[PDB]
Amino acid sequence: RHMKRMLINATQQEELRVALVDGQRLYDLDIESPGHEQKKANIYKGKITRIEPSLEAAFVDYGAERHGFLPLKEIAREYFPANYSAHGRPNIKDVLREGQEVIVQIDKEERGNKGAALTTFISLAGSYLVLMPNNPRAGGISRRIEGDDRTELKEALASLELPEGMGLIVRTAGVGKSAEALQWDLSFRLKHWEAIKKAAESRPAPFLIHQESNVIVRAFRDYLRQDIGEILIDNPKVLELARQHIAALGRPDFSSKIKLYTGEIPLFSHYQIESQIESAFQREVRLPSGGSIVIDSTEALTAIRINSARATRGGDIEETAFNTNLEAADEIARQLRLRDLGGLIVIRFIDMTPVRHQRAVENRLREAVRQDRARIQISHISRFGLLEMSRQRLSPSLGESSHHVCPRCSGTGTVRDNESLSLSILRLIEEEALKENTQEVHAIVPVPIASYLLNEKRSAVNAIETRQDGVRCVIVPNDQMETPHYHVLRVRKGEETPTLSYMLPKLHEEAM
């Protein structure tokens, strides 16, 4: 059939995968490996253990060690005694006791080894709006919004049955939103809040109430709407928790959609999204019409390039550039989700002379990324032909978590040419043979550099041995070295070792 489904794959404890499919076409992928958890925005219930009116704070045990550091400015009124006497409100001894119990969120994990900074002022974020149910002060509309939008937005913002004593924030992605579309994302949030408290009195101790980092909860909260037919799961220990979670987000209606999968064929291959999860791992993703896009990664940005197909019987180059650039706005948008790419992205669309064809593509792109859960901001095609854009780094991308740095080229895509580099070494040797008190000079190098430096540049090496006389210049071949790597060590008179040339790598792997 054709249906919006959510597929979860939890067989290998090494990787939990959450695909979201629309029919038979994969829309978004999410991946968790265990360890190395980011416990930011997590909510617990914990016990005060150490009052300290000198730091104006209180260590709190929540079930991790060390306690975690809670300042007084971050304490809501509900945790003060019956009545309060304002003498500045500054002493902790006057606000709370040891062994009290409090609901707590992480505001800074966990810089240093010091406990993690905490706040009783809880923030529950969404696609549209951030509900802080503990704090009437804080409330606003995102800075990015302006124009008639702010007036329209702030006129659809007050129209809301928002409980008295909570305060909420509208988000970048909230513009244009309808007056009852914003109560749709607000019921989601304060249903959560009732469940966070339900599970707060539920039991006493320190325990985890909301786990912001977790793939499923993140994927339940952002994508679980009623056009999702099923939520197929293949590991029953995971389906148990998948229910405990949706209980916790306060939405136990949808719990019914959570079927289980027992079929023999591995779940993703049955539903035939396994090929498309592998185009996540490519570089050159072919497009439906023989075009291609090409995704590169650099220190602090990410760059895509569009290529058309090889020109075919003299067609129209402008309706080909246009048609390819539309197809690539679709795919760049999908690929941003499959890779969980985060930071500034930059795109080189094919050039098109009309302003009507550029706005067509920038639109096709705003649309394609509209339902993208993460914040996305876009600019317009520039003087040079580049579109800049940004995407919120929630999670680690496939590069950070399923890839590592190339051993040979050390990041770059390249290795210096052999001759180019050989010469670089030839002078780097001489540079060290023309110092004073230099008995020998050793140069461990890839087998083809050694080969080049001692046949085609043999005369140049010999030339160094005669100019600065007495200086033995030893160039070693090595099985354990490829084209970008070399060592060039110097030896001092009296430091001479009667060592063989082929034994010098074993003697110097120490050095190294």
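Residues carry their position along the shown sequence, with the first being 1.
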statement: With B-factors read from the PDB entry, the higher C-alpha mean of 87-95 and 365-373 is in 87-95
- prompt: As stated in the PDB record, which stretch has the larger average Cα B-factor, 36-44 or 478-486?
  reply: 36-44
query: Considering only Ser202, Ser379, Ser390, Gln105, which residue's Cα atom bears the greatest B-factor as recorded?
result: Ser202
query: Per the entry, which of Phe121, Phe80, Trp193, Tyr223 tops the list for Cα B factor?
result: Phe80
field: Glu15, C-alpha B-factor rank within chain (lowest, middle or highest third)
entry: lowest
query: Taking the C-alpha B-factors as the PDB entry records them, is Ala57 in the lowest, middle or highest third of its chain?
result: highest
statement: By the entry's values, the third containing the CA B factor of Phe349 is the middle
- prompt: Which third of the chain holds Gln276 when residues are ordered by C-alpha B factor: lowest, middle or highest?
  reply: middle
Position of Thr312 among the chain's modelled residues by C-alpha B-factor, lowest, middle or highest third: highest
